[PDB]
Amino acid sequence: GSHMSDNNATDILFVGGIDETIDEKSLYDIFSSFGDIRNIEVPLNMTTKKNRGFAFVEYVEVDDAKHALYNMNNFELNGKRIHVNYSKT
């Protein structure tokens, strides 16, 4: 156990705190294995590829949303730990 995720997240998924060799297209295909994707907002800088603690991710279907974020607390991305929670739209 690391961090318990209990929220009402329908169609809205926050992933912030990702490692500095991923880009836009890579966060599409690693989550598309259960769920294909609507729209992606991930700012990235051309000197270090820093994301500054924050990125937004919208899914296609509303059941699949819930089963992915509850599995995503204990999952590490390229040896870095991602904080995963519900957002505003």
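Residue 9 in the entry's author numbering sits at position 12 of the sequence shown; the count goes up by one each step and never skips. Just so it is clear, CB atoms sit at the ideal spot from N, CA and C, and this is done for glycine as well.
In the displayed model, residue 77 falls within a strand according to three-state DSSP. The beta-bridge partner set that DSSP reports for residue 70 is empty. Collapsing the DSSP output to three states places residue 37 in a strand. Annotation: residue 7 to residue 13 spans about 18 Å, alpha carbon to alpha carbon.
Residues of the same chain with a CB within less than 8 Å of the CB of residue 57, apart from the 5 flanking positions on each side, are 32, 33, 34 and 35 in chain order.
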